[PDB]
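Visitor: Sharing a structure with you now.
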Amino acid sequence: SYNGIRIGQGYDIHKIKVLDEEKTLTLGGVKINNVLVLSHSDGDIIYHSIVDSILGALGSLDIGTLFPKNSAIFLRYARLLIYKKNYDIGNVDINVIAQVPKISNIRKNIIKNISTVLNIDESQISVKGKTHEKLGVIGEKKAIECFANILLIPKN
Amino acid sequence: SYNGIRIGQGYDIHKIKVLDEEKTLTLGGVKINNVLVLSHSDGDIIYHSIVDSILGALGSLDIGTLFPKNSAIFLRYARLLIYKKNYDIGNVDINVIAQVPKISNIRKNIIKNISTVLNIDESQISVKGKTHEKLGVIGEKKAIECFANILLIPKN
Amino acid sequence: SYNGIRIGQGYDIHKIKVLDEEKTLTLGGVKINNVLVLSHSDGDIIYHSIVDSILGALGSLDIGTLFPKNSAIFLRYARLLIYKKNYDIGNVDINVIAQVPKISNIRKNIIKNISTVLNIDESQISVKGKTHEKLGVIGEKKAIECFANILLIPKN
Ligand SMILES: [Zn+2]
Ligand SMILES: [Zn+2]
Ligand SMILES: [Zn+2]
Ligand SMILES: [Zn+2]
Ligand SMILES: [Zn+2]
Ligand SMILES: [Zn+2]
């Protein structure tokens, strides 16, 4: 059983519809009032990819597989899983690849939200937004995706 | 010469054709009998991205460049390269981004296959599958891609 | 304030135009004379994603947000930021996902360029090129993208 330092990378992608001129997206727990997310879940690519990076770091079955609204249940889950396995989080670096919304505007709020739900300091979190040159599925605003990269550090 | 902890990220993408109604894919050493992979190589995005994450972690020339069927030759290669450089693998986290096949169904078999070819425990491996909302090249089943993230830990 | 080992992942994407038969791209500080990059910046996905992986590792505001030609100003910035925070770089692994140009041909020059601008050894750098099966925005040569993965190691 390996108990050294662990890497995780979560990935998520959700279909969206921008309320331009011809269910509301939540991103890092922040409501995005001009974008709908077309999903059975709440569409929070940031929360879901963070859960997936934790699960991945530790080698668990993923969320859908484990449990066959929901985003907070899973994040609390992931936090308590790191605890029971005797790890702390080192830092997490999140890349949201999204033509809309702009992330810089809501970045402080996402970071505080993550830090509360993971119970870690704001200095252990980075959330960055990248547009996609208005090319492809993302750049045409049909979808948004997120990569979350995390290190877990063995306690003591 | 740096001998501390090392990060690697491998990436791979292969063209596929799903045998719907109008050479066989291998994924993590598992044959996928309803999908053809259109490739000169065996199309194993999982094996190839794992090799590339190891090579990347250590700063080698990549597979094609190094050696200008094949997937086992390269994986044995990568395992023995980690050995000769005096590293062990920490853990590896693999994200297959594929509309088909579903990964959860074959996940145990891929993990055992990786653990045998890398000679590491099953607890050091995570393999996760993500669909792509039926959007773009991946979501339309024209291709499958994989990201493999690894840490190498200096021996002793 | 967390001062253990840190992970960063930078991502960047730029629009390009290949000078086929019907401003010049710089990649890892190397000029690519058959490709134009359609950008307000110099289009160096490799330099920019490296800066973003450093900023991400450390939890800074990103480049555009921090400072609202340019690629060297930012890289020197990132190097001196790692210094002032009391970190060294472990290693960096870069995946350029580009149908053109081929990276293997210019890989030595990019690695020497990175190692000079970051002031680290060539053994701490890996730069890998992956084509995209001539599918999608990348495979059709409309864009090139890069992922840069880095570990920062607390001094002493
Ligand atoms: Zn999701
Ligand atoms: Zn995508
Ligand atoms: Zn391959
Ligand atoms: Zn792709
Ligand atoms: Zn850029
Ligand atoms: Zn892309």
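What you see of chain C is 60-81, 98-143, 152-239, where the numbers are those given in Swiss-Prot.
Technique stated in the header: X-ray crystallography, 2.0 Å.
Yeah, the Cβs are placed from backbone N, Cα and C, and that goes for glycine too.
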Visitor: The divalent metal cation site in Swiss-Prot includes C:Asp71, C:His73. Which of C:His123, C:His215 is also listed there?
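Guide: Divalent metal cation site check in Swiss-Prot: besides C:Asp71, C:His73, the record includes C:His123 out of C:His123, C:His215.
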Visitor: Near the divalent metal cation site, what residues other than C:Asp71, C:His73, C:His123 in the same chain have a C-beta no further than 8 Å from the centroid of the listed C-beta atoms?
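Guide: Here the nearby residues are C:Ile72, C:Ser114, C:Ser116, C:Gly118, C:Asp119, C:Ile120, C:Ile121, C:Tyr122, C:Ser124, C:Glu228, C:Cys229.
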Visitor: Rounded to a whole number, what is the CA to CA span in angstrom between C:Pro143 and C:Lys152 on either side of 8 missing residues?
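Guide: In this entry the gap's Cα endpoints measure 15 Å apart.
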Visitor: Which recorded positions among C:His73, C:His123, C:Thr214 have a Cβ sitting under 8 Å from any chain A Cβ?
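Guide: Among the recorded positions C:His73, C:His123, C:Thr214, the ones whose Cβ sits under 8 Å from a Cβ of chain A are C:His73.
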Visitor: Which ones in the same chain are close to C:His123 (divalent metal cation binding site), with CB under 8 Å and 6+ residues apart in sequence?
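Guide: Those within reach of C:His123 (divalent metal cation binding site), by Cβ under 8 Å and sequence separation of 6 or more, are C:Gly69, C:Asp71, C:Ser116, C:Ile138, C:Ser154, C:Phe157, C:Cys229.
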Visitor: Fewest other Cβ atoms within 10 Å: which of the recorded positions C:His73, C:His115 wins that one? Let me know.
Guide: C:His115
